[PDB]
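Here we start with a single chain on its own, the form deposited in one PDB entry, put down as structure tokens.
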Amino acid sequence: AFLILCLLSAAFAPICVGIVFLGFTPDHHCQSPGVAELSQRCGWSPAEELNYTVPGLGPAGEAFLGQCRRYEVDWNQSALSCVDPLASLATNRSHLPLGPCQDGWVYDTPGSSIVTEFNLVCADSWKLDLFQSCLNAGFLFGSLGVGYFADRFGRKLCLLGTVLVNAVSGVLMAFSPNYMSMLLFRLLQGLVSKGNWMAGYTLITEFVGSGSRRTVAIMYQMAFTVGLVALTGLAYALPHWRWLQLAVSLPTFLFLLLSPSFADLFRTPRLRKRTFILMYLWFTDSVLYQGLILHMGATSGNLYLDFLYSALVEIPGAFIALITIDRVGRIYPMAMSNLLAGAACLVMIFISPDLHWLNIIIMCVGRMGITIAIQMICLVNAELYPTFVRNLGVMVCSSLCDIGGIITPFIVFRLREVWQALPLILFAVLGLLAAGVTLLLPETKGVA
């Protein structure tokens, strides 16, 4: 009976990740009419075309000068030696006028993406963050209302009701004519997905009792890893975003075919300090885990192999966490895992020349360190806390976590313009600070 749950988890997995494949930024330069005619007339080499015609000149910096400028000259009606065409028209850099790119952009890719189709390249670069912001806002708004809708009609109709919109919205997004409809369909699809996956979690975990719940708590990570791995194969044979979206949508279609309370929890001065430390590490780890994947998906030399390798090293983290639960206290693995995350980034900021060989080893270590630190919190939660039925307090806490997750893409993307290695300092600071707070957890009054 686990096949259904595994399929549902593997279908949910690409939703939070698909921005890596659906939208990517290839190397571009805007179109200047008059160079293609000269290229075909004089037999200009295509590889060396961007050496005598590009306005970026020096590759260092020049983000605006290379991708958002043109050498506005009279390419036609001009006689040239067909060696250095600009050696006589201008005879000097910065002594001839520039301007904004007008006709369009020429991209270097065999496939297509959202950036290529809608031209979010020069001054609309901030429009790409709306893609994740709308999904996170839908995740935020879906938590509050999913409880109310399931009461008046029961859980039988709700589960079937919310597994059809997730496919219809995907198909319609694959058949979208303009940009705003994509955002509307993205929000409508993200309203219900987290609630569906959360309901499936409990539906799968109903049968498992003591011990069995722990054993099946890792099968739901194994299925997530399997779904993450199987997505890299589809993006290799379908290099068009419409085709990939239509190929990952229809599976779901065929798939469907006195008492404990938050009041007692806070007045006691010993159970009040323990939770303000446990509900902050979760926020920090979620922020780091969300940010690292998006950072990797923007500066990867070869995206297909790094993404494949970043799960075969995430697999043994659960095994290590399950190994180290019996013979070792609960704060040493947490402290070590939180310390391993900061040092990885602190070294990543400093390896310039031979970074390509060492990144696939260091980032895997960082991913493993983050993966270990999340399972321990869940195990402690299961061990120590009772069975709360359903609480507006937990609902508000999840809403606040989604509020925190909404802001992250803007800071991740828009802070990289000032300096390339600036977002890798906040992560290190958060990781190093989250290791010094876990040392206040042990009770110092009469511990022995």
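Residues carry their position along the shown sequence, with the first being 1. Rigid core: the largest C-alpha set superposing within 1.5 Å between the two forms.
Of the other structures of this protein that model both sides of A199, every one gives it coordinates; not a third omit it. Per the records, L258 is among the residues left out by at least a third of the other compared entries, whereas the shown structure includes it. The gap between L257 and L258 holds 10 or more unmodelled residues of the deposited sequence.
The form deposited with a small molecule bound is left out here; the points below concern that form.
In the deposited complex, the small molecule lies farther than 4.5 Å from every heavy atom of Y304. In the deposited complex, the small molecule lies within 4.5 Å of some heavy atom of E314. A residue is said to contact a partner when one of its heavy atoms sits within 4.5 Å of a partner heavy atom; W75 fails this definition for the small molecule in the deposited complex, lying far away. Using a 4.5 angstroms limit between non-hydrogen atoms, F175 is distant from the small molecule in the deposited complex.
Checked against the small molecule in the deposited complex, the candidates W197, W241, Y71, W105 yield a single residue with a heavy atom inside 4.5 Å, and that residue is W197. For the candidate set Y289, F255, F118, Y280, a heavy atom within 4.5 Å of the small molecule in the deposited complex is found for exactly one residue, namely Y289.
The chain is drawn here without the small molecule; in the deposited complex, the stretch among 222 to 230, 153 to 161, 87 to 95, 354 to 362 whose residues come within 4.5 Å of it by any heavy atom is 222 to 230. Only one of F141, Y201, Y280, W126 has its Cα shifted by 2 Å or more between the shown form and the other one after fitting on the core, and that residue is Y280. Comparing the forms between the shown form and the other one on their rigid core, the Cα displacement of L422 stays under 2 Å. With the core held fixed, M336 shows a CA shift of 2 Å or greater between the shown form and the other one. Superposition on the rigid core between the shown form and the other one places the CA atom of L238 less than 2 Å from its counterpart.
Relative to the displayed conformation, the Cα-Cα distance from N381 to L135 shrinks by 3 Å or more in the deposited complex.
In the deposited complex, the separation between the C-alpha atoms of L57 and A298 shrinks by 3 Å or more relative to the displayed form.
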